[PDB]
Ligand SMILES: *C(=O)c1ncc(Br)cc1OCc1cc(Br)ccc1Cl
Ligand SMILES: *C(=O)c1ncc(Br)cc1OCc1cc(Br)ccc1Cl
């Protein structure tokens with residue numbers, strides 16, 4: 001019973017979070033095996049961030065300029081290299097707490113948990129979606145850079161935080177930004193954002209599963225005309241296929257739930273609520289809904 | 001910036017979760033030092049328990065405790081209120097510094113939702129004024145715990161039962177929160193009001209993050225009509241008043257008139273003043 005925005009348990013990620021200092025600049029880094037990953041802007045001074053020349057700033061750095069602490073212990077750095085927008089510090093000890101892990105680039109509309117960190121120490125954990133425009137609506141203060149996002153006994157790291165634009169932007173663990181962003185203190189346009197349609201649909205399924213059925217009353221090509229109108233992502237057959245399991249478990253056909261949603265979009269909610277929300281929620285994937293509704297564990 | 005319902009990091013609790021089996025009943029237990037804690041209804045079959053009689057028919061070896069692959073050896077069992085305490089022959093080497101704490105209504109904690117001794121997820125809950133919680137709890141989640149962290153984990157909640165709707169449980173001494181008992185009967189939770197001091201803390205969080213529009217001066221008279229907990233609550237809200245230069249209750253206009261605040265089309269009451277400050281200033285653990 002109940003339905004909650006639920007983060008993954010964070011223990012395996014917590015044992016990977018270290019502090020990285022370079023100059024006055026300090027942020028979080030991710031220690032897996034003998035490599036520490038962090039945003040390359042750890043090397044920028046106050047004046048550098050407006051237009052940093054990362055190649056030329058890194059040239060002025062030596063291994064011993066990088067202070068890496070994993071708790072009270074200090075790691076010694078035996079090599080440094082830049083891969084796109086992430087710095088990779090080789091250190092002489094492999095992390096004993098390294099989990100089984102992969103590095104993944106998620107697709108827009110996919111969700112992950114963020115372990116917000118400061119000075120290499122965890123502060124909290126929360127579930128996020130990658131917006132269609134490759135920003136994320138998170139909770140990130142000064143110093144949170146290098147906090148990571150992930151999905152789970154194997155941790156798939158998908159996101160490292162790099163900058164607050166009120167929305168947030170960063171990279172995969174190969175240092176490639178999500179979206180058009182660059183790592184410089186400039187104004188940068190995020191796209192026109194849209195609602196993640198397949199996720200709203202999944203969340204309506206969760207609603208029906210938990211007893212909220214008041215909204216239950218089209219064609220794919222026709223629903224998409226409505227979706228386009230309300231700045232919703234178009235629905236593809238791939239999305240319909242991924243909604244399969246929930247359609248079977250609940251016994252409502254996906255194009256039927258789509259007619260329900262069209263009505264919600266064209267008519268609003270009349271001050272009613274769905275799963276305790278007065279807006280349509282789009283930060284649950286069809287996997288998340290299934291995960292939670294069936295209690296899968298890690 | 002930004003503002004999210006944030007759960008505490010769960011690692012220190014994950015190392016404490018175990019599977020407890022009695023008969024053909026399995027749920028979650030909490031292994032700290034040489035003691036495993038779980039709901040005493042682990043000893044109940046499917047067929048109004050007399051727990052003392054049921055426990056009397058149970059011996060130490062009828063309780064199977066697993067920590068991952070390791071199986072612990074029970075060497076003692078007492079019942080304190082509604083918790084079973086199984087003394088095991090092994091202290092948990094992953095026991096964190098910890099306290100047992102009984103929270104007050106309107107306070108918040110993190111739930112590490114678990115099935116068969118294994119972590120499913122973590123989320124932030126508020127103890128509702130009527131001593132239920134609105135969580136996400138399936139059959140099997142019993143024994144999952146609620147907690148706050150300060151290197152010290154304060155356990156405040158053990159899950160005992162899904163009501164028709166919401167959730168109920170105990171403190172780690174086995175005393176239920178609220179008027180509930182560990183029996184499968186219809187049990188009423190009283191009317192549940194809104195946590196006024198929490199909604200105010202959330203409005204400060206909103207102002208800190210730039211949501212300004214809702215700013216427009218006993219007159220509690222309105223709170224009573226809209227079923228809000230009566231507004232000492234000012235003293236707790238002090239530091240937010242000092243940070244923003246704003247005690248705001250004139251929320252009155254919100255209640256009577258009804259756009260979004262911090263991305264919600266509802267007034268939110270599951271952030272305590274402490275939560276807002278922790279989050280808006282980067283408290284770590
Ligand atoms: C970002 O989270 C962050 N935290 C701490 C510190 Br010392 C710096 C930092 O980044 C600042 C930043 C990065 C970028 Br790519 C663009 C603008 C800014 Cl202000
Ligand atoms: C509750 O979360 C739970 N999970 C798994 C199992 Br095997 C049993 C269980 O409790 C069932 C229960 C407890 C109570 Br105090 C009242 C009614 C019910 Cl159904």
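Start at 1 and count along the chain as shown; that gives each residue its number.
Method on record in the header is X-ray crystallography, 2.0 Å.
In case you wondered, yes, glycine gets a Cβ from its N, Cα and C as well.
Database features, via Swiss-Prot:
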- B:5: ubiquitin cross-link (CROSSLNK)
- B:41: active site, for 3CL-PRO activity (ACT_SITE)
- B:87: ubiquitin cross-link (CROSSLNK)
- B:142: active site, nucleophile (ACT_SITE)
Hey, does DSSP put residue B:41 (active site, for 3CL-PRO activity) in a helix, a strand, or just coil?
helix
Of the recorded positions B:5, B:41, B:87, B:142, which ones put their CB under 6 Å from ligand 2?
B:41, B:142
In the three-state DSSP scheme, residue B:5 (ubiquitin cross-link) belongs to coil
CB neighbours of the residue listed as 'active site, nucleophile' within 10 A?
26
Running the recorded positions B:5, B:41, B:87 through a 10 angstrom C-alpha radius around residue B:142 (active site, nucleophile) leaves B:41
Just name the most isolated of the recorded positions B:5, B:41, B:87, going by other Cβ atoms within 10 Å of its Cβ.
B:87
Going through the recorded positions B:5, B:41, B:87, B:142 in order, which have a C-beta under 8 angstroms from some C-beta of chain A?
B:5
Going by DSSP, is residue B:87 (ubiquitin cross-link) part of a helix, a strand, or coil?
strand
Of B:5, B:41, B:87, B:142, the recorded positions with C-beta less than 6 Å from an atom of ligand 1, in sequence order, are none
